[PDB]
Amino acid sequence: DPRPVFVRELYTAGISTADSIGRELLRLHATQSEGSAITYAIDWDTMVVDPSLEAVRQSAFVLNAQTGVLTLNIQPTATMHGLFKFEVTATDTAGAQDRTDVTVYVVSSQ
């Protein structure tokens, strides 16, 4: 059954007002037994966010489709609270998929 296999079923990271645009939050990785190249994508239908994050629901992160590197794409502010939760797909050239869960906590700061 040649198909992508994510290394982990859950990836997590914390962001705060101390972070800057471009920070690498985590690196998603799936293996494929036949060496078929993997594309990584956020499933925007799975994106669930704290009400305070509604404005940055679509812009908070970028996922590089080839590297699996998730980057912070906004400057967190003192008015941003709670969690982002979403699913990421790994798709091989034949269209076979795996899924993994991602949680990003907005960490309390002074």
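Throughout, we count residues from 1 along the sequence that is shown.
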- Query: Looking at the entry, does 61-69 or 75-83 show the higher mean C-alpha B-factor?
  - Reply: 75-83
- Query: With respect to the recorded C-alpha B factors, which stretch has the higher mean value, 52-60 or 36-44?
  - Reply: 52-60
- Query: Of the choices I15, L10, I21, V88, which one's C-alpha carries the largest B-factor in the record?
  - Reply: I21
- Query: Should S108 be placed in the lowest, middle or highest third of its chain by the C-alpha B factor in the entry?
  - Reply: middle
